[PDB]
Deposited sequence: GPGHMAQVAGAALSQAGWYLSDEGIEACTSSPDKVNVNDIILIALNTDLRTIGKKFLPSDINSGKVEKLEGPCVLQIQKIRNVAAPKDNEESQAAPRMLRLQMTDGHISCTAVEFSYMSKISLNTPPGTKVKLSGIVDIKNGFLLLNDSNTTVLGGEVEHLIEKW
């Protein structure tokens, strides 16, 4: 019934790398009697993690003191700046901001990639002087957009 269905949906979300708060998951669920992980994910893709996400990044991730970050985990792109292409990404878990550099041959992130886009990081990601080092091996674009995204609330 609704209790066990919410439980198995919550398990599926965590297994996929999402870190949403309990209140966030309720917000993304259209009814306690119509729990559908696809629809929870669709709404979350198109929602600001500052509103629905749970903290999972280390507070000092930009300090240099953190050297690695293990996936799976879903992050949100706040801003993008521009042989493979190289982009600089400002990202957030909804609580802590971090910065990445991304090298992509297959070109699935561009400077046109909308703010609010979600990406999933997989495996162990190196962080070199505060920059996460991303490439096509450890980064998957999940999509979504957060319209009219404001970087600083």
Counting from 1 along the deposited sequence, which stretches lack C-alpha positions? 83-94
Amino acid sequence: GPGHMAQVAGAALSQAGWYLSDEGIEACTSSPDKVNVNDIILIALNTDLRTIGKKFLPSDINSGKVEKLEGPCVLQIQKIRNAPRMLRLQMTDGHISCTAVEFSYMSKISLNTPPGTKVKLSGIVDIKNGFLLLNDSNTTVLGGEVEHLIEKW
From here on, numbers count along this sequence of modelled residues.
On average, are the C-alpha B-factors higher in 15-23 or in 130-138? 130-138
Got a sec? Mean C-alpha B-factor, which is higher, 97-105 or 111-119? 97-105
Top Cα B factor in the deposited entry, candidates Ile43, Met86, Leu49, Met91: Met86
Lowest, middle or highest third - CA B-factor, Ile80: highest
